[PDB]
Each structure stands twice: as C-alpha cells, then as structure tokens.
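Just one chain follows, in the form deposited in one PDB entry, and it is written as structure tokens.
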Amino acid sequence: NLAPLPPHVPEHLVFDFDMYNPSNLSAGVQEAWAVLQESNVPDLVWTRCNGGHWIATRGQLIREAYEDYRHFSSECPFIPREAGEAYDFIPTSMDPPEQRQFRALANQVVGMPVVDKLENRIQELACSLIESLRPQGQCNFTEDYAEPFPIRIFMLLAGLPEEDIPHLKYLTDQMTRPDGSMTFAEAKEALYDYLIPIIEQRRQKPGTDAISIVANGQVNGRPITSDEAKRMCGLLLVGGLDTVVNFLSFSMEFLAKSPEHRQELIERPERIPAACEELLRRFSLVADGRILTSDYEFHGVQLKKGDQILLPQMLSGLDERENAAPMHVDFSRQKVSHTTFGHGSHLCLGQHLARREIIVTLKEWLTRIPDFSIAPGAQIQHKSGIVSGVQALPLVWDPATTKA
C-alpha cells in the first residue's frame, strides 16, 4: 500500500523509499539507504510508503531539523504514526523544556562517571562470554555474544539479579521482534509489573544503582512519579539493547570480511578507540524522526503541521558532503563526522557506555580470537527499520590460533 499523496506535496519530491523494506537490502542495509543520496535525489523527499512521510537525505538537513525542536517535535518520533503515537518512554517522546530535567536524571545513571566505574565489570563480562565461545571454533555472533552482552550490563547497572535475564530478554524482544505471545502494550505492562515493585522498594531502601537513582529522583522541584520512573526505567532498559546488539554485529561482520582491517587493529590496538568511531560512522543504524508542530517552510519545501519527517541518524555520516569516500572504512580519518548517536537535545545519553561496550568487545575479541571468518557458504542478511541490523552472523575460527 502506498498512501495517497497529500495535496501540499509536489510530485517532483516523491521517492517511495520503504524504510522497513528498502529495494537494495540484499546489497547491505547502509548501502540500501544510501540510494537516497544519489545525485537525482533532492535533499528532502516524500515517500508514500508507511502512511506517507518526509525523509531528509543529507547530513546538513538532518542536523538542522534535530536542533529545531520547536518545529520538529519528538511527540511522535516513529514511522508509522500509530507506533509513534503509542510510544511514551521518557525522555524520547518529550520536547524541551520539560525533557531537560528527566534527561539530567537519566544522565546520572548512564553518564561518563558511571561508565568509568563500570569499565572493568564490562571487560569481565566480555571476557567470560568470549572464553566460552573460543574453543568451539564457531558461533552465531549475534545470538551468542551480542544479545547476552548489553542485557547483562543493564542488570549490573540496575542492580537486578541474573536469574531475571531470560524473562526480561523475552519482553524486550517482543517490543522489537514480537512472536505473537504479547502485543507491545502487554510486553510494556509486564515490564512495568516487573519494575514497579523494585522501584517502590528502592524508594524505601535506596541502593547506588540506576533504579534507585531514578526512583529517588526529583524533576521540576517535585518527586518523580511512579508512572514517570517506570517509563524512564523502560527506556534505559530497551535503549541500549537492539542498538548495541546490531551495531556490534555490523562491526564483527566487517572485520570478518576484511582481514586487512583486522590485522591493523591486531598490530596497533591503540587505534581501537579511533576504529570504533569510524565503524560508528560507516555502520550507523538508527532512523527516527519527528512531527511538525506547525506549517513551516524548510529549505524551499512546504511542510504542513502534523506531517511526520524521518531524519535518519544513519545518513549523516554516509553523506559524501560530510565524509569523503563515505563507504570506505579508514580507521585513521582525521575528521570522523556522524550523527550515529543522534543530534540536538535528545543526543544519546548511553553513548559513553555504548563506546566502552564496543571498544572492550573489539579489544577482548581481537586478543583472544584474532583470526576469524564468515562461516563457509553463509550469506549475511541485513534488516531495515528504526534500528537496522543483522539477522544472523555465523563466524568460524581455528581454535589453535586463539589465546586462552
């Protein structure tokens, strides 16, 4: 189904890109999205897919719309509209100025000083996961390392016992990949049923952990409500799962297919933090958006109040106006330009934790299993959406080349 073209939208801007099923998916998802940056494609287009919505295709427009929250509201941040409308996590669905207090609170639980403190526990977890795969000589990376890793980091952050992982993983999977057992709202409520009691207890007997902090917090000079804490705790849980899982998978897929890039990192592990940044550009993967708060002319184009606009974080760093030869991976780029963690008032609060997860993973993997490949015969499949990703990543190695 295409949606019929709204009258304010001129025909010459219409490019029916489908964000959940792009034409060139088989060639790689970032590549599939990069067709939007071909020379015949305007900086701002309308697609009739997925209810109909604008797409900003260039880093300059993407950044500008993200800065201008007065015209581009996060009240409805997801395409299609029905998803955007039912979405209530905090702070992702709030605009400044209200979002500012909630964000400061959330920053207390995942900000830089928390990350510096957790780094060693993160390394311990990574090492334990890798060392259990190492002798096998094979894994599905996405399933065997990537999925268990960030959920375990959330348990450590939130002071939750490891016993709860299976149930928690199931509920978050249902929100982003439903098997049918539960609607989004049922999964959401089950999450709330899970967090509500721990919130009440940690209100009464505080810990030094994320759930305590968010529960004992103050916003707008008053105590955070139970509805507000659970909706924040919800985002803190889901925000760092699918992004980390899929990003780690794009990265490992690249390194498996590029011996020369692996060898560089093996020989110069000091370049790993830079390599992380360049991978974050090349394999950027989020595409959310905004809704117009009013009629607005933006870069020659008449936008109407209530129109949705997709602003793909993914596209800014792939824009050849931002980075020369954008599909080329070069770990020594002088200026790595990207909006992989967003831009503007909602810039990812988990970005410092994500970078440490990524760096620790690459450092620990490359020192234990320096030599690996894509399993003989396998063709890696990508998926496209709000968070794009990797269906599966079967890796192989010779265990004699590994270090215990």
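The term rigid core refers to the maximal set of C-alpha atoms that superpose within 1.5 Å between the two forms. The first residue of the sequence shown is number 1, and the count goes up from there.
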Per the PDB record, is the mean Cα temperature factor higher over 40 to 48 or over 371 to 379? 371 to 379
Selected stretch [higher average CA B-factor]: 199 to 207 or 311 to 319: 199 to 207
The residue of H71, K304, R282, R177 with the maximal C-alpha B-factor according to the PDB record is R177
For the listed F149, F254, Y170, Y87, which has the peak Cα B-factor recorded in the PDB entry? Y87
With respect to C-alpha B-factor, does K363 fall in the lowest, middle or highest third of the chain as deposited? middle
Determine, from the deposited record, the chain-internal third of the Cα B-factor for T225: lowest, middle or highest. highest
Sorting the chain's CA B-factors, does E98 end up in the lowest, middle or highest third? highest
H328 CA temperature factor, ranked by third within the chain: middle
Sorting the chain's modelled residues by C-alpha B-factor, tell me whether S249 ends up in the lowest, middle or highest third. lowest
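We do not show the form deposited in another entry, though everything after this point is about it.
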After a rigid core superposition between this form and the one not shown, the exception among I198, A256, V286, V245, its Cα shifting by 2 Å or more, is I198
Superposing on the rigid core, do we see a C-alpha displacement of 2 Å or more at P269 between this form and the one not shown? no
With the core lined up, does the C-alpha of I224 move 2 Å or more between this form and the one not shown? no
Align on the rigid core first; then say whether the Cα of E162 has moved by at least 2 Å between this form and the one not shown. yes
Might you say whether the CA atoms of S388 and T176 end up closer or farther apart in the other entry than in this form? Their distance differs by 3 Å or more. closer
Have a look at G389 and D179: in the other entry, are their Cα atoms closer together or farther apart than in this form, given the change is 3 Å or more? closer
